[PDB]
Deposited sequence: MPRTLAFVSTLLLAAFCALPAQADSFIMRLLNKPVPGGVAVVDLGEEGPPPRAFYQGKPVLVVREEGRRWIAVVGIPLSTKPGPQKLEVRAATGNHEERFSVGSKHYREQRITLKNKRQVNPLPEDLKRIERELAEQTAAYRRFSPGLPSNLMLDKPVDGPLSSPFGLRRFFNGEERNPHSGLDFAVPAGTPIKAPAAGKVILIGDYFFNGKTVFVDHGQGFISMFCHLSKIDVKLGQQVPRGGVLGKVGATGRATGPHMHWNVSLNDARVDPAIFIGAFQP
């Protein structure tokens, strides 16, 4: 499928699309103990869309599949490519918990829109994708989702997490303005807020993280810009 052609980039920091050998009731899947996004491929076979951490050594990998008719493992391959620290600890803990959220819903779209209309800057260590846009540029939801975290953090500044469903999560930080509320359900294209330089940034810094199964992956894969 087109979504297999787009998303199957199995490298460290990348994405593996794995045939689950299931077509009936929805199976559950786990990679390194973390629950993984499971969707029908254009309404047909069940596939996992698996985030591969950047620290993953190339080689064979295992996915645990759970189904009523019996559990099984499916292998795939990764190829090569100031002031109180107590606050900081708490802020790290909140963000860590947010990426580990696994809500039951299916993502509205797996191919994501660019969150800002501007050129890409820094890759994807740098755990996301930058865009060269000025402060005040509106940031739009790459897919539909629920706002599961809003913070004003020491390092990341004004930060918003959007849960697209089943661990598929966008994060945006250093915002000047956040226009959404905690728990708010936003459509694809909904305005989340405005680009800024809050937290530890040197000038306007539009930063976008994409996570799958608690693994930060290259957002360029989802917009068709891998690389």
> What ranges of the deposited sequence, counted from 1, have no C-alpha atoms in this structure?
Replying inline: 1 to 24, 106 to 123, 167 to 178, 282
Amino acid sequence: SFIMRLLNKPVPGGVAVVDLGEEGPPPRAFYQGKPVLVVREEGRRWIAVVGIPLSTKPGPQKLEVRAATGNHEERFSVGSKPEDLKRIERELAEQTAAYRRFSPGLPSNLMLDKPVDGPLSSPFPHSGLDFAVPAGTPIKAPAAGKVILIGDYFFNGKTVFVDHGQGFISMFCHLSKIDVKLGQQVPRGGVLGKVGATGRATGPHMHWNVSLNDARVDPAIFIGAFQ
From here on, numbers count along this sequence of modelled residues.
>> Regarding 18 to 26 and 199 to 207, which shows the higher C-alpha temperature factor on average in the entry?
In response: 199 to 207
> Do the C-alpha atoms of 128 to 136 or of 147 to 155 have the higher average B factor in the entry?
Replying inline: 128 to 136
> So among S103, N71, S80, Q95, who wins on Cα B-factor in the entry?
Replying inline: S80
>> Lowest, middle or highest third: which one holds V116 when the chain's residues are ordered by CA B-factor from the entry?
In response: highest
>> What third of the chain does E42 rank in for C-alpha temperature factor, lowest, middle or highest?
In response: highest
> Within this chain, which third does the Cα B-factor at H174 fall in: lowest, middle or highest?
Replying inline: highest
> Which third of the chain holds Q185 when residues are ordered by C-alpha B factor: lowest, middle or highest?
Replying inline: lowest
> In terms of the CA temperature factor given in the entry, to which third of its chain does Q166 belong: lowest, middle or highest?
Replying inline: lowest
